[PDB]
Amino acid sequence: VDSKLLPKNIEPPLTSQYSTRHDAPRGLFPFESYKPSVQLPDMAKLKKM
Amino acid sequence: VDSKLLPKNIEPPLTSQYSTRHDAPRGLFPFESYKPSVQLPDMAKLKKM
Amino acid sequence: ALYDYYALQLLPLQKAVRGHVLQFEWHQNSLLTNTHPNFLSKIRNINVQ
Amino acid sequence: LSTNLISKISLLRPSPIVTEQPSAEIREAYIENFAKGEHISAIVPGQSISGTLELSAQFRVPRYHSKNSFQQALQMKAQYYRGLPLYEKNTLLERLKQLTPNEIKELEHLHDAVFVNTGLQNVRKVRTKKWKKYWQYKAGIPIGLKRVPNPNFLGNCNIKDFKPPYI
């Protein structure tokens, strides 16, 4: 007998691949200042001198 | 089950997304940005090393 | 070396996330007794009651 | 702008299916009086799908014996249509010239066991095709895939995505 023709349970289908967000409390994450500089520093003046 | 809507946030400055400046103090974020010392004997030392 | 340059392109953004994640990891170390060690909580002397 | 550099610049940087009470005002009045503990005029069933699984008003155990083919045998001391393939005229006739009335009662129940299994297989397939459309209908999906939205809406959360400082 081919599979998926075998008798299966009548249940609510799977919710495994669902995306959840989280309620995090007030003091969990720190306050962040100083945006980091992604850009590399340039040393044209040092090698020019 | 009984979800409510947060109405509206009148945001003061520095309490906002993208409210970060390069001029801010890095209390944490331990990586530093260092002052280039341009002294002419130290220039010769940097050229040699 | 094209992918060395790819590794030499996105390195300080990696250090920026390595700083903010470390900053939040430091935020996890908040206990309020590591900080001010005198937090006077509550006392009461001997009453007539 | 030179073509030795244009190939490398982008290289270095790549940039009728349910059986509930369909009136949406008798179901509410049923619960408004049910909390008090009162019956109502109209009837209300639980939700389900339609369709009846009706056996024994369908394929029966066949009658391969006659009206007296067992007691007279007691005296003389004796490709598929539904589930069985149609046999040829000459090949099956000598096969039924071999068997005994001790095995006719076996054969009747074997063929009934084939018939009931096929008549359950196809209804089971139709029932799965109905339940797969029930569960989609009861979950907001339409089929086969002034309003105000609640916070449990797809895309209307209250937890806004906070951005990192480097972005």
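Calculation rules
- Here the residue numbering is sequential from 1 along each chain as its sequence is written and may not follow the entry numbering; residues with no coordinates are omitted from view.
- Key to labels: chains lettered from A, ligands numbered from 1, both in the order written.
- Remember that the shown chains come from a larger assembly, so read each value as a statement about the shown part.
- To obtain the side-chain values, all non-hydrogen atoms of the structure were included, while hydrogens and water were left out.
- Numbering goes from the N terminus for both helices and strands, where a helix is a DSSP run of H or I of at least four residues and a strand is a run of E of at least two.
- Here, Shrake-Rupley sampling with a 1.4 Å probe gives the accessible areas, and only protein chains in the shown set may cover a residue.
- The contact rule is simple, with two residues in contact once any of their heavy atoms fall within 4.5 Å.
- Buried area: the accessible surface (1.4 Å probe) lost by two parts on joining, summed over both.
- By salt bridge we mean one thing: a side-chain nitrogen of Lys or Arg within 4 Å of a carboxyl oxygen of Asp or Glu.
- Two N or O atoms count as a polar contact when they lie within 3.5 Å, although within protein this holds only if one can serve as hydrogen donor and the other as acceptor, and sequence-adjacent residues are included solely when both atoms are side-chain atoms.
- In this count, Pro and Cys sit with the nonpolar residues alongside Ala, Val, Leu, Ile, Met, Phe, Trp and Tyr, while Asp, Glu, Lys and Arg are called charged and the others, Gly among them, polar.
- For patch building, the residue pool is restricted to those with more than 30% relative accessible area and no salt bridge; the joining distance is 9 Å between like charges and 5 Å between nonpolar side chains (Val, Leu, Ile, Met, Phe, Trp, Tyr).
- Accessibility here uses a 1.4 Å probe with only protein chains present; expressed as a share of the type maximum, an area under 20% marks a residue as buried, one over 50% as exposed, and anything in between as partly exposed.
- What counts as a ring pair is set by centres within 6.5 Å for rings of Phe, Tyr and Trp (its six-membered ring), and what kind of pair is set by the plane angle: stacked under 30 degrees, edge-to-face over 60, tilted for all other angles.
- A positively charged side chain is recorded as over a ring if its NZ (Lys) or CZ (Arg) lies within 6 Å of the ring centre. The angle to the ring normal must also be within 35 degrees.

## Topic: the overall build of chain C
At step 1: Assigned secondary structure in chain C consists of two helices and zero strands.
At step 2: Judged by the C-alpha coordinates and their principal axes, chain C covers about 85 × 15 × 10 Å.
At step 3: For chain C, the exposed area adds up to about 4500 Å²; of that, 63% sits on carbon and sulfur atoms.

## Details of the interface of chain A and chain B
At step 1: The partner chain B presents 11 residues to the nine residues of chain A that form the contact.
At step 2: Carbon and sulfur atoms make up 71% of the area that chain A and chain B hide from each other, which totals about 960 Å².
At step 3: Together, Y34, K35 and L46 of chain A form the three largest contributors to the area buried by chain A at its contact with chain B, with a combined 63%.
At step 4: Linking chain A with chain B are zero salt bridges, by the criterion used here.
At step 5: Where chain A touches chain B, the interface holds two residue pairs in polar contact.
At step 6: Among the residues making up the side of chain A that touches chain B, the classes are represented as five nonpolar, two polar and two charged.

## Observations regarding a nonpolar patch on the surface
At step 1: A surface patch of nonpolar side chains, about 470 Å² in accessible area, is lined by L1, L5, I6 and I9 of chain D.
At step 2: Considering the arrangement of structural elements, one finds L5 of chain D in helix α1 (residues 3-12).

## Observations regarding unusual backbone geometry
At step 1: Located in the positive-phi region is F29 of chain B, a residue other than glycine, with phi close to 60°.
At step 2: Of note, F29 of chain B is situated in the segment before α1 (40-48).
At step 3: Owing to a relative accessible area of 11%, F29 of chain B belongs among the buried residues under this scheme.
At step 4: Its identity is not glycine, yet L32 of chain C carries a phi of approximately 65°, on the positive side.
At step 5: Position of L32 of chain C relative to the elements: it lies in the segment after α2 (11-28).
At step 6: Judged by its relative accessible area of 56%, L32 of chain C is exposed.

## Looking at the side chain of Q21 of chain D
Residues and elements named next belong to chain D.
At step 1: Tracing the backbone through its elements, the reader meets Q21 in the loop between α1 and α2 (26-34).
At step 2: With a relative accessible area of 17%, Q21 lands in the buried category.
At step 3: In this structure, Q21 is in contact with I26, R27, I43, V44 and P45, ignoring residues within four places of it in sequence.

## Describing the pattern of salt bridges
At step 1: This model, assessed by the stated rule, comprises four salt bridges over all chains.
At step 2: Here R26 of chain B makes a salt bridge to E32 of chain B, at a shortest N to O gap of 3.8 Å.
At step 3: In this structure, the salt-bridge partner of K138 of chain D is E20 of chain D, at a minimum N-O distance of 3.2 Å.
At step 4: Salt bridges sharing partners connect three or more residues here, namely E20, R27 and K138 of chain D.

## Describing the packing of aromatic side chains
At step 1: For the structure shown, the criterion picks out seven aromatic pairs over all chains.
At step 2: Considering the side-chain rings of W131 of chain D and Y134 of chain D, the 5.2 Å spacing of their centres and the 90° angle between planes classify their relative orientation as edge-to-face. One end of the pair is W131 of chain D and the other is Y134 of chain D, both in helix α5 (residues 104-137) and three residues apart, which spans about a single turn. Neither residue differs from the other here; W131 of chain D and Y134 of chain D are each classed as buried.
At step 3: Aromatic rings pair up to connect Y34 of chain A together with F29 and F31 of chain B into one cluster.
At step 4: The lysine or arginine in question, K15 of chain C, covers the ring of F31 of chain B, its NZ or CZ lying 0.6 Å from the ring centre.

## Considerations on the environment of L46 of chain B
All names here are of chain B.
At step 1: On the secondary structure map, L46 appears in helix α1.
At step 2: Here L46 falls in the exposed class, since its relative accessible area comes to 52%.
At step 3: Residues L46 and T15, spaced 31 residues apart in sequence, show a C-alpha to C-alpha distance of 43 Å.

The analysis is restricted to geometry; functional conclusions fall outside its scope.
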